[PDB]
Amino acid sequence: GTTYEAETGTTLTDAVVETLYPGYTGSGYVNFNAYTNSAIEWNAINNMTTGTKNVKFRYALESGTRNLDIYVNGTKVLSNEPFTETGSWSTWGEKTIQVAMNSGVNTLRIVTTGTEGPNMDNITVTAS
C-alpha cells in the first residue's frame, strides 16, 4: 500500500492544514471549514494496476456522522458516504472504501455535502 498525506500533495477548497489535535501522521491534518463544498483533492495517486482499490481514510470526528461525496478521476463514484464518529478529535479512526481506479496516476477528491467533514489525516491505497 501507499500512504498519501491529506496535508501535502493535495488541493484544498475551503479547508485548512492544522496541527491542534495530536496523533496525526506527517506534518498535520486537514480541517474542512464549510458544511458544503469543502474539498480535498489528491492530484497524484499512483497505482501499479487497474482495478478495485482499498482506500483507507485515517480521520477524527468527535461526534455524529459526516457525509462526503467521493470522486475518482473527476467522476463522482460515491454519494454522501458516511464517516462515523471516533469519539474525540484526538481519536484517529480508520474507514475503508472499495473503489475502482486505473493503473498509473489518478485523482481522488472528497467533498462536503451538508454535514461538513471529519478532520482528515491521510489515506492509504492498496490493491483489493
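Numbers for residues come from their place in the sequence shown, where the first is 1.
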Comparing 109 to 117 with 5 to 13, the higher average Cα temperature factor in the PDB entry belongs to 5 to 13
Chain thirds by Cα B factor, record data; residue 45 belongs to the highest
The third of the chain into which the C-alpha temperature factor of residue 94 falls is the highest
Tertile call for residue 26 (CA temperature factor, within chain, third-based) is the middle
Split the chain's modelled residues into thirds by Cα B-factor; residue 86 lands in the middle
Among the modelled residues of its chain, the C-alpha B-factor of residue 77 falls in the third labelled highest
